Structure formats: C-alpha cells, structure tokens
Amino acid sequence: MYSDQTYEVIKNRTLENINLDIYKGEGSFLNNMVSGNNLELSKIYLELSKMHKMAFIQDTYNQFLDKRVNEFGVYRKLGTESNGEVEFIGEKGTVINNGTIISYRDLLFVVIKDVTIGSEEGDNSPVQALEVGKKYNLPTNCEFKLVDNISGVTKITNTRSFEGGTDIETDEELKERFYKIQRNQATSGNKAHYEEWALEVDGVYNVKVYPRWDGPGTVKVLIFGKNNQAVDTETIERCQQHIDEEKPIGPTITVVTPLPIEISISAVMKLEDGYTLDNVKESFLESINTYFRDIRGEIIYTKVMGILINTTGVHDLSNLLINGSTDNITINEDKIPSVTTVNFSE
Amino acid sequence: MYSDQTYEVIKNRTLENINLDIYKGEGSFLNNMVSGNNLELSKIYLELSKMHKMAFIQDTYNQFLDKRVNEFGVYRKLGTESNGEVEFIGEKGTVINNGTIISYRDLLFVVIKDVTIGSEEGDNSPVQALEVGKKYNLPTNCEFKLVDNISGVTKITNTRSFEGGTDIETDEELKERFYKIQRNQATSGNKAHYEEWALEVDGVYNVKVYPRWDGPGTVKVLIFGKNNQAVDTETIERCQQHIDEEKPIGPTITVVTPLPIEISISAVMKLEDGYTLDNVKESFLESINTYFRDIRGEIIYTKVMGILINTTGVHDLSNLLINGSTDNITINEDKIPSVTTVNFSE
Amino acid sequence: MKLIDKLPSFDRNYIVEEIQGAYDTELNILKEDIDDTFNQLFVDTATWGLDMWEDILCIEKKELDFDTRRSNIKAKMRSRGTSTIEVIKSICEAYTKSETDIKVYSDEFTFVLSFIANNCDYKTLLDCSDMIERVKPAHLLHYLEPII
C-alpha cells in the first residue's frame, strides 16, 4: 500500500515511465524535477495514510470525536467543580463577602455565600472549586488559606470532605458509552430498561418489578431507599411521575415502598457487675438493629439470643420472649424488623 | 474533484503552463517526462477516488463497512458450533478423559464429558464441534475416529444427529441486514423492532410477524432459514428466549418454523438407450429440487412433468401422477414441497 | 518554491525555474484537492457527498440545500420512537386536529383512540391509523373511534 509507495520506488517507476534518449543519471536536471515531484507525492501518500485513520470512528481527536458525537447527538462531559463547606475562625464580626477565593496548597477554591465569623448562623460557608477535577475533591479538615488577606480571618478549614469535583471525560469513555448506547437501546417493557429509569431517583437504591401481579400487562414496581428503608411519600410521587414520563404504551404501574415490622422483646437476664440495664439495653438494641439490617429471610430465635448473650454485661439470660413467642418468626417481602419494646429485668 | 481531473486534460494543462520559447514537440523527452509525471498523477487521483469510494462503501466491501455498521449498533454475528453426543464402543473399563480429540472425515470434534466404558454413567458422552459452521451438524449414526491411539476402543458413533452449528456470518448477509434495517424504523416495542430481534439470532434470514393473530397482546412470529428453510428447534428456542429477554413483558410470544409438504411421484416412461432408471431418477430429482428452490405459489403439474420430459435419458412418458393426481396443489405459508416417493417405470 | 530551494546552486536560473514553478502550481492544485476530499470525508463538511450519504441511508429524494441534507441524516439515524403514550398521542392529535383520550386495559391490551369525526377526514384518518400501527406495538391492539 502507501507504505510500499516511497520516494525511491515511485522515482524509479516514473523514470521507467519516460522513454528518452537521455540515460538516467544522478543529479540530472530532468532527474531533479522527477525527484522533487516524487518527494512531494510520497508526502501526499503519507497524508493519505493518515486520513485513513483520521476518518475512522475510533482513534479520533478532540475535534474529531466532538464532530462524530454531535452527528450522533452525544456530547462529552467536561466534569464538575468540587463543592464543600469550610469553617472560618478568627475575629468575631468579620464579614467574608461572596466571590472570595481560598487557596489550599496550589488549589483554588471560592466562597459562594457571605459568612460572618461569630455570627448566629455560624462560621460555616459552602465553598465551590474554581475548576473541575478530582484534585479539587479535597478531603475533610484541610487548612484553607485566603489568597487575599482579610483582617479578622485567621484559620480556614473544612469540616467535610470536598465532593462533586469530576474530571474531563476521556475519549475512550465516550466511545465506549456511545457503543453501549447503540448496542443497547430503550425498549418498551424490559425489566432492566424500566428499572433503570426508577434507579435515576436519588431516594431509592434497589428497584424490583412484579409483572402479572394483577393480570397481563400489570407491573408492580418495588422500590427500596437507603438500605431498604421506606422513602418519603413525595419521593414516591416524583418517582411515579418520572417513570410515567418514560413508561411504555398502556402499562399499569404501582410503586411499592418497604414496610417496617415492629418487634417486642422481653427477657429475664442476669447482668454482669459494673453494668446497668440501660447499658446492656442500648448495646443489645444496637447489635440487633445491625442484625436486622443484615438479616436475610426470617428471624432466627437462637441467633437473636446469641447476639443477646454476646452483648457485654450479660451474666446470664432467661425467659426470652420475642413478640409473645420464642419460635422463629417469618419475615415477608418488603418487611424489616423494627425494635419497639425491650423488656429487660434482672 | 478527483474525477474532474483526467490524465490528458491535466497533461495538456501542465504543457500549457510551461512558458518557454522551446517549442513543445510531441515525442520529445520533455513530453515523455510530462507523460510519466502525469501517469503518476493519474494514479494518485484514481487512488483518491478509490479512497472516496472506500469511505462511502457503495461497493467493494471493506473494513470501513464493518466499522460504519458497528457505528449504527449492528454487529456481525459470528455463529455457533455443532453439539451432540457420541457412543464409545470398546473394551470395558477404558476411560475416555475429557478433551479427547476425535476426527470424522476432515472435521474435528472434542469429547465434552469424561466417560468410562462399562461404567454406570454409560458409554455416551457429549461432543461439541470445534468450529463454527453448518458442516459440523453431522447426522445420526456417523462413525468417529480417534485422533490419538487409545487402547481398548473400537467404535465411536453418535446416537443422534448433531445440531447447533450455525454458519459463519457473511459480509453480504450483514449488508442486507443493514439495508433492510435502513428501510426499517425500530421503535421501543415495535413490530419492526421484533423483526430486528428475530434477525439478531443466527440462522434467521426471513422474518414474519403477525399482530393480533389471537387478539389482545398476542404475538405470532414466523421465521425462516436460508432459502426459506426450516430451522432446528434449538435455534427457535434461542431466538424466542432472546426475544423474551428484549420483549416488553406481557405479550404472548409464538415462534414457528416452516414445515415440508410431502409429494409422491408415480409415472411410466420410456427409458432412452444407454440410460437406466436410477440415473434419470436422480437427474429429475435434482431438477425438481432446484425447481422447488425456485418455486413459489403452487406446484404446477405440467411444469414438473415437462421438466421430467426435458430430463436427459427421457424419451417418452405416460400416466404421470403427483400424489396420484395431475392437479396443481397450493403451497401454503410456512410450507415447502417435499419429495417423498418417486415411481418411474417402463 | 520548495523545489527550487531543494535545487542546487547551478540550477538557480529561470530555465530551470519554469518547470519547477509549473509543477509546484500543479501540486498546490493537488493539495487543495486533498483538502476538498478530506472535507468530503466528513458528512458535515461534505456538501455534494450528502446525496450518496443518503444513498447509504437508503433514502432518496431531490434536495435543495446541504444543511437540510445534514438535518435529514441526523433525523434518520437514532431518533427512536419513545415508548411514551403522550408523544404518539400528540402526533395523533396533530393529524386529527382534535384531542384524543385513552382508555387502555393492560389485561385487555386494548388501545382506544377517540376523536371528533368532523375535525379529521377519512383519508387522513386512515393514513394516521396506518402510521400508528407502523409505530404501535404489534401485540397491543388499537382502535380509532370517530365522535359523531
């Protein structure tokens, strides 16, 4: 191909193309024109080889990828600026106006709202990164410094880690994203397609779909908030409207929120020395709350009493009763145990 | 414009651009070098035109075609290998380890399950084809040979035919898929979308969709292989389960394949000199097979018996009956003619 | 201009220069041809190439201006019909020039279109219904109802 086509090869080819009495000689004037044209033609061959690659969907550049995705209607992500809140410590009554820039090392951060040291609202003010990037996502407790000294301001530190700083999307990321988009398109009523739109709601984390719950075409949408806790009613409403904005033709949609199950417990236990009823009560309730957060399936009475005895301050235990029974209690779907009654006696 | 400039026009233009008192004489070495440089110029312009062609892929299938098709989300389906089970016959107690190499004719196969002859597990072990293609879809009772010499083994044969060997994709087939998609307009939950879904699975070449065949939420899907041929039930199952993966939930999917129409031939004909019954029977079988490949609508008695009289070795014929009659029979949908009985005599 | 620079000292006279200048002008023509072809490679920069772009798209029509060619190409690819009922309902209302309500039973899979018969005529109603069935899911059954 064009790699085979070179200065020497095309030069000899052109020399053969000419039927002339002049013997071919190095440095001849006619040889000079032929050699110059062949050099520029070889350069043009290299350019053609390059525009092979530049015309492809892959191995594009910033402008090339931009044009391709604009033809596809896709747009690359420039990233987002980091956002956090810092604390200003210094002379009381000092007013830090909006637009003030605080520098941590070489990083530059700007204060959004006015903050007064010693004010009733406090000395905490949200601070946004001047530019996008992971480097702007500063951790907690960073000693920010004013670029411009302000009288009355001494120490600037963030009580929370800076977040929201996202980097510039790379070409490969956008290429793979576009390839996935073309590969997987929105369908009418696929479980994954419908569930993804529900996943866009911030409040909910886990989404489940129960089709045929009320006959053909009937879809029962099941949602789960933070660690499968029930979200607020307004969150349910906004999720319902959102999924209706993307729902297929003629579906019946019901959003189901997780339910809590109250738990009442009672036992007659012996407490270890130096420990009171309140301490063992709080420790065991925290432990059993963790267990409820991790319990899969139904309740295990033996596991409950095991976490009870393993709790510090339990000399011995007896007469353990949960919800009026000592048997294993079945947990149904969308039901999470909730600690409500703790009847502990020594 | 690459096509705008041609060899002789630019040759004359270059000659005119030379402004010298030297007369421009034909046959001169100067004219000869202009001719050679213009020859290289025509080569580079033609190559630029070919570059434009390769960029548009109006003809001359290229890698550009594959990449542009991948841009539109369509991707080549490589295919699958044939599957089956073989019987090991030989000395009792011999163990045929997994991965054993067996060759029947040119094709090569691999043992999938470690089988011991004489064990309670039986002498039958699954075998999968080592390459993608329909040739590996071996029929039943085929004998297989050990590539490696194993003591105590005598015969290897398959109790059933081998299936699952979908053919490898061809560039023309992908081009036709892309073009028919270009006329199509897939929509989330659409009949054309369902047709595309069916076309996705290998072995599916012709797709028929029937909406409301039974009414409310009822889907009737009819598929065809190459040249409107029936497909294996495994392919049907794969296609229907894939559709169910992508289909909206609630519709009733129904996928079927064409079935043959049996035909029996009875006739008395005068054998030609130097021709036997088997030869003319085989020749007419080939003729009727290619005619059935080319047939559409109904079988025409006159056409069949006229292609019989035109067959080599056929002098005169009489009392020709198709299924005992001389009447044209309609070839319905998802139905193809099938030759069952051939009765020729003198 | 480049060749004469590459040319030797003894070839600095006009007799040598004329051929090199003519060839340099020709190669300038060739390089602007390369530029034009590279523009033709990209669909946005390609003006005359938009026709066989549409031919690749397998849609053919006489066209006025290249901007509309690019717009039609962008519309042709992607632009998937939404599964939302509202978009299709709006299109149906635009065809019929009358509002349409939906009484859909997922158990029945039944779709119904109600519209004033006076607003929309027979032929355009049939065309709109054919377009709907082209877009509407095959399993779902739709019905157009004219209001007397």
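Calculation notes
- Residues numbered from 1 in each chain as written, not as in the entry; some residues may be left out.
- Chains lettered and ligands numbered in written order.
- Part of a larger assembly, values for the part shown.
- Heavy atoms only, no water.
- UniProt positions renumbered as here; feature names shortened; annotations may be inferred.
- Helix = DSSP H or I, 4+ residues; strand = E, 2+ residues; numbered from the N terminus.
- Rg over C-alpha atoms; globule rule 2.2 N^0.38 Å.
- Buried < 20%, exposed > 50% of the residue type's maximum accessible area, 1.4 Å probe, protein only.
- Contact = heavy atoms within 4.5 Å.
- Areas by Shrake-Rupley, 256 points an atom, 1.4 Å probe, with all protein chains shown as cover.
- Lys, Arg positive; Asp, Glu negative; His and termini not counted.
- Charge placed at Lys NZ, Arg CZ, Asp CG, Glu CD.
- Buried area = accessible area lost by both parts, 1.4 Å probe.
- Salt bridge = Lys/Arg side-chain N within 4 Å of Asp/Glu carboxyl O.
- Polar contact = N/O pair within 3.5 Å; in protein donor to acceptor, adjacent residues only side chain to side chain.
- Nonpolar A, V, L, I, M, F, W, Y, C, P; charged D, E, K, R; others polar.
- Pairing = 2+ DSSP bridges.
- Axes fitted to C-alpha atoms, helices over the stretch in contact; angles between N-to-C directions.
- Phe/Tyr/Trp six-rings, centres within 6.5 Å; stacked < 30°, edge-to-face > 60°.
- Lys NZ or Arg CZ within 6 Å of the ring centre and 35° of its normal.
- Expected span 1.5 Å × (residues − 1).
- Arc of directions from axis to C-beta.

The name the PDB entry gives chain C is TRI-1 (CD1372), with Clostridioides difficile as the organism. Listed in the archive, the entry goes by the title "CryoEM Structure of Diffocin - postcontracted - Baseplate - transitional state".

Naming follows the PDB entry, where chain A appears as TRI-2 (CD1371) of Clostridioides difficile. Its UniProt record gives chain A the following Sequence similarities (unreviewed entry) comment, quoted word for word: "Belongs to the Mu gp47/PBSX XkdT family."

Visitor: Tell me what's going on with the overall build of chain C, and back it up with residues and numbers.
Guide: The helix and strand tally for chain C stands at six helices and two strands. A compact globule built from 148 residues should have a C-alpha radius of gyration of about 15 Å, whereas chain C, at 30 Å, is more than 25% larger. With the principal axes as the frame, chain C shows a C-alpha extent of 100 × 30 × 20 Å. Relative to its full complement of 148 residues, chain C shows a buried share of 41%. In chain C, the share of contacts with a sequence separation of at least 24, taken over all contacts with a separation of at least 6, comes to 34%.

Visitor: Outline the overall build of chain A, supporting the account with residue identities and numerical values.
Guide: Scanning chain A for helices and strands turns up eight helices and 14 strands. Within chain A, the proportion of its 346 residues that are buried is 40%. Looking at chain A alone, contacts between residues at least 24 apart form 64% of all its contacts between residues at least 6 apart. A total of about 18700 Å² of accessible surface is found on chain A, and carbon and sulfur atoms cover 51% of it. Distance from the positive charge centre (35 side chains) to the negative charge centre (53 side chains) of chain A: 6 Å.

Visitor: Explain the interface of chain C and chain B to me, using residue names and the numbers behind them.
Guide: When the parts come together, some accessible area is lost, and that loss is often what is quoted as the size of the interface. Contacts between the two partners involve 35 residues from chain C and, on the opposite side, 42 residues from chain B. Between chain C and chain B, the buried area comes to about 3400 Å², and carbon and sulfur atoms account for 64% of it. Summed over the shared surface of chain C and chain B, the number is one salt bridge. Residue B:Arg212 pairs with C:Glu133 through a salt bridge whose shortest N-O separation is 2.6 Å. Connecting chain C to chain B are 10 residue pairs in polar contact. Looking at the side of chain C that touches chain B, the elements with two or more residues in it are α2 (14-41), α3 (50-56), α6 (122-135) and β2 (141-147) of chain C. With 11 residues, the top contributor of residues to the side of chain C that touches chain B is α2(C). In terms of residue class, the side of chain C that touches chain B is made up of 18 nonpolar, seven polar and 10 charged.

Visitor: Summarise unusual backbone geometry; cite the residues concerned and give the values.
Guide: Notably, A:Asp59 is not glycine yet its phi reads approximately 40°, a positive angle. Mapped onto the elements of the fold, A:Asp59 is located in the loop between α2 (29-54) and α3 (62-72). Positive phi values are uncommon outside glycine, yet C:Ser79 reaches one of about 55°. Within the fold, C:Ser79 resides in the loop between α4 (66-76) and α5 (85-96).

Visitor: With reference to specific residues and values, describe the interface of chain C and chain A.
Guide: The partner chain A presents 36 residues to the 35 residues of chain C that form the contact. Across the interface of chain C and chain A, roughly 2800 Å² is buried in total on both sides, 70% from carbon and sulfur atoms. Along the contact surface separating chain C from chain A lie eight residue pairs in polar contact. At the level of secondary structure, the elements contributing two or more residues to the side of chain C that touches chain A comprise α1 (2-6), α2 and α5 of chain C. Top element by residues in the side of chain C that touches chain A is α2(C). It accounts for 12 residues.

Visitor: With reference to specific residues and values, describe the UniProt feature "domain: Baseplate protein J-like barrel" (unreviewed entry) in chain A.
Guide: With numbering matched to this structure, UniProt assigns "domain: Baseplate protein J-like barrel" (unreviewed entry) to residues 86-165 of chain A. Each end of residues 86-165 of chain A is marked by a C-alpha atom, and these two atoms are 16 Å apart; helix forms 0% of the span and strand 46%.

Visitor: Could you give an account of the environment of A:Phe64, naming the residues involved and the relevant values?
Guide: Among the structural elements, A:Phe64 can be located in helix α3. Sequence-wise, A:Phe64 and A:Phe88 are 24 residues apart; in three dimensions their C-alpha atoms are separated by 46 Å. Non-local contacts of A:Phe64, meaning those with residues more than four positions away in its chain, are made with A:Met54, C:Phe38 and C:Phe42.

Visitor: Give a description of the sheet that holds strand β1 (residues 81-90) of chain B that names residues and reports values.
Guide: Sheets are built from strands paired through backbone hydrogen bonds, the pairs being either parallel or antiparallel. Residue and element names in this part refer to chain B. Taken in spatial order, the six strands close into a barrel running β1-β6-β4-β3-β7-β8, and their pairing is antiparallel. When strand polarity is set aside, the average angle formed by the axes of neighbouring strands in this sheet is 40°. The pairing of β1 with strand β6 (residues 124-132) spans six bridges and is antiparallel. Bridging from a neighbouring strand, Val-86 pairs with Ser-125 of β6.

Visitor: I'd like a description of the pairing of strand β6 (residues 124-132) of chain A, backed by residues and values.
Guide: Here strand β4 (residues 107-111) of chain A pairs with β6(A) via three bridges, running antiparallel. Within β6(A), the residue paired with A:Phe109 across the bridge is A:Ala129.

Visitor: Which residues make up the packing of aromatic side chains, and what values do they have?
Guide: The full count for this structure, using the stated rule, is 27 aromatic pairs over all chains. Taken together, a centroid distance of 5.9 Å and an interplanar angle of 40° make the contact between B:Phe144 and B:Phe162 tilted. Highlighted residues: B:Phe144 in strand β7 (residues 143-146) and B:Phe162 in the loop between β8 (153-158) and α4 (171-183), separated in sequence by 18 residues. As far as the burial class goes, B:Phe144 and B:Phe162 line up, both buried. Note on B:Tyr291 and B:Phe292: the rings are 5.8 Å apart at their centroids and 35° apart in plane angle, and the pair reads as tilted. Grouping residues by exposure puts B:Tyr291 and B:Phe292 together as buried. Taken together, the ring pairs in this structure connect A:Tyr104, A:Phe109, A:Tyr136, A:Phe144 and A:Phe162 into an aromatic cluster. Here the basic side chain of A:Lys67 rests over the ring of C:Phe42, its NZ or CZ set 5.2 Å away from the ring centre.

Visitor: Lay out helix α6 (residues 233-246) of chain B in plain terms, naming residues and giving numbers.
Guide: Residues and elements named next belong to chain B. Counted at 1.5 Å a residue, the expected span for α6 with its 14 residues is 20 Å, and the 20 Å between its end C-alpha atoms agrees. For α6, the full list of buried residues reads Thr-235, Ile-236, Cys-239 and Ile-243. For α6, the angular spread of the buried residues around the axis is 100°, confining them to a single face. Of the surrounding elements, those touching the buried residues of α6 are α5 (191-200), β10 (219-224) and β11 (255-256). You can read the cap of α6 off the contacts: a side-chain oxygen lies 3.1 Å from the backbone nitrogen of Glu-234, and it is on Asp-232.

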